[PDB]
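A.B. asks: One line per chain: the protein sequences are A and A', in this order. A prime marks a further copy of an entry chain. The first sequence lines up with residues 7 to 95, 152 to 285 when you count with PDB author numbering. The second sequence lines up with residues 7 to 95, 152 to 285 when you count with PDB author numbering. Backbone N, C-alpha and C fix where the C-beta goes; we use that ideal spot for every residue, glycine too. Before we start, here is the structure in question, set down as structure tokens.
Protein chains: 2
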Amino acid sequence: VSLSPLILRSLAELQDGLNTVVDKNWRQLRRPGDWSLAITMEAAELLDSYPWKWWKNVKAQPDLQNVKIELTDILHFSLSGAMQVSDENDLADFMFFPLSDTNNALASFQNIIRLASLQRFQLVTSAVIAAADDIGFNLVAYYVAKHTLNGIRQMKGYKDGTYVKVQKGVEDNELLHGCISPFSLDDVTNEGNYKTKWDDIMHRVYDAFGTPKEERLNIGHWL
Amino acid sequence: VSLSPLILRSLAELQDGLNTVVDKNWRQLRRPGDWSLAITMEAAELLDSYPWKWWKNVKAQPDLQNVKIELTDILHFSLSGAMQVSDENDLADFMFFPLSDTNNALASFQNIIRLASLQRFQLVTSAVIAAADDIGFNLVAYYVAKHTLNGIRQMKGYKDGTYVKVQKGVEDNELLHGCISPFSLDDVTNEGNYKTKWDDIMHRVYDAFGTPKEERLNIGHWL
Ligand SMILES: O=c1ccn([C@H]2C[C@H](O)[C@@H](COP(=O)(O)NP(=O)(O)O)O2)c(=O)[nH]1
Ligand SMILES: O=c1ccn([C@H]2C[C@H](O)[C@@H](COP(=O)(O)NP(=O)(O)O)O2)c(=O)[nH]1
Ligand SMILES: [Ca+2]
Ligand SMILES: [Ca+2]
Ligand SMILES: [Ca+2]
Ligand SMILES: [Ca+2]
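Quick look at the structure:
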């Protein structure tokens, strides 16, 4: 399972743009080990979406909507890693389907950590794409939506430590589900029209956070 | 750097006792992969004690007192793993001193994750002992104190999901520092008298959480 090369290239361009918002010279400041750490930490967040602890709240239920967000976060970091180092610098060995089985999920997502530490970023990207295919969620649409939230966060003091993620019982991430649900897989991968659908996802996320029109960045900013 | 074999054996006995409080048949219910996951997750907590994120709160300061707690948590899980499988089933390659350097810490603590996934539990234990020696904190006293909090947690609904860790701005873990500060390294490792000092640490932690005298377990319960 893979995305069209043109779609992947566009996702990579968005990722470079976002990385540039965080730091103009990110390509000189960041190293492969940074992306390995970042993926490791998101993978811990992904694992913590499951009731894996045998000693604490043992009847807890998995947060399967959150799984989607954490996989999307991993993609941002695996795209980033791949921009800096090639894998040169197999999947069915590390991923176990169906991921609806919690034991399969825990094993697979721990293996993402192994792959990250090996700096196999392209393989991590493939693993996330395969996971979204297996779980049956719209990875590309989640990416565009979380990409947009990531930019909003930077606009609202994230680097300064003044941003608050959970407000009035709602985490910013949770608002993304509703922003994406109108969009099909074909909407966001159509060769001719995908960019207008990505632009539409972006506008929906800006709306969800009340971003003033003048501060909004459209799809053209990123490509 | 290592502990006396008699001290290590006593720490292992405490650990078995605690594991038994969580489940009477833990030795049949738990598998090596459980302990690998648990250490991985504590190592993420340890890494998150440092200002590693380049995109969020970039001027944050490391929580060096919390580092002590997270290393102690790793020890509980590495002791546990070692009870189930041997390493048969080197350190200077994986740990980088001094750990006061944040780059050394991030590299080292990520390598603890690699060792956990390899089920090298004894090596993880050695790494924690070496880390406490390098940082200069009283690992054995931290272990006894956190061991006691772990038992209190189980008494107060931890498995049921009714426990609250942070109350009136104070995390339960933070109260342990004051419980241990009177105790020297020699106090808690003295061949003849260490058990009375461990018992004293326990009584201090029970006091810190107001545990009724009848619910308190003394050192003899565990050895
Ligand atoms: O140079 C960077 C730094 C961060 N991120 C994004 C990717 C990921 O989607 C998000 C993770 O941010 P976080 O601060 O860990 N918060 P959360 O996991 O709740 O989204 O940050 C980037 O895309 N590039
Ligand atoms: O079978 C078990 C399960 C847990 N723990 C202990 C070890 C560790 O000290 C603690 C971690 O608990 P947690 O629920 O992750 N909470 P925190 O990391 O804040 O202490 O649980 C055990 O000793 N044995
Ligand atoms: Ca995160
Ligand atoms: Ca996340
Ligand atoms: Ca923990
Ligand atoms: Ca911990």
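#1: Taking 7 Å as the limit, tell me which residues put their C-beta closer than that to any heavy atom of ligand 3, in chain order.
#2: Buried or exposed for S170/A', going by 16 or more other Cβ atoms inside 10 Å?
#3: Classify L285/A' as buried or exposed, calling it buried when 16 or more other Cβ atoms lie within 10 Å of its own Cβ.
#4: Given this structure, state the Cα-to-Cα distance separating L161/A from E236/A, to the nearest angstrom.
#5: Taking 8 Å as the CB-CB limit, is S170/A' close to chain A?
#6: Thinking just about the alpha-carbon of each residue, which of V91/A, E233/A, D195/A is nearest to the one in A178/A?
#7: Going straight from the alpha carbon of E19/A to that of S86/A, what length do you get?
#8: Return the CA-CA distance between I191/A' and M89/A, expressed in angstroms with no decimal places.
#9: For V232/A', write down the residues that DSSP places opposite it in a beta bridge.
#10: Ordered along the chain, which non-local residues of its own chain (more than five positions away) have a Cβ less than 6 Å from that of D249/A?
#11: Compare the Cα-Cα distances from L153/A' to each of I281/A', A193/A', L12/A', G198/A' and report the closest residue.
#12: I'd like to know whether the C-beta of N72/A is nearer than 8 Å to at least one C-beta of chain A'.
#13: In whole angstroms, what separates the C-alpha of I214/A from that of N95/A?
#14: Using the three-state DSSP reduction, which class does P68/A' fall into: helix, strand or coil?
#15: Counting only beta-carbon separations shorter than 8 Å, does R176/A' have a partner in chain A?
#16: Would you mind reading off the limits of the alpha helix (DSSP H) that contains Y268/A'?
#17: Ends of the alpha helix (DSSP H) at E253/A'?
#18: Report yes if the C-beta of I75/A' is less than 7 Å from at least one heavy atom of ligand 6; otherwise report no.
#19: Quick check: does the Cβ of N280/A' come within less than 7 Å of any heavy atom belonging to ligand 1?
C.D. replies: So, from the listed chains and residues:
#1: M47/A, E48/A, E51/A, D79/A
#2: buried
#3: exposed
#4: 21 Å
#5: no
#6: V91/A
#7: Roughly 10 Å separates the two Cα atoms.
#8: 38 Å
#9: Answer is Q229/A'.
#10: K259
#11: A193/A'
#12: no
#13: Cα to Cα, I214/A sits roughly 34 Å from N95/A.
#14: coil
#15: yes
#16: 256 to 270
#17: Premise fails: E253/A' is in no alpha helix (DSSP H) and is neither H nor E.
#18: yes
#19: no
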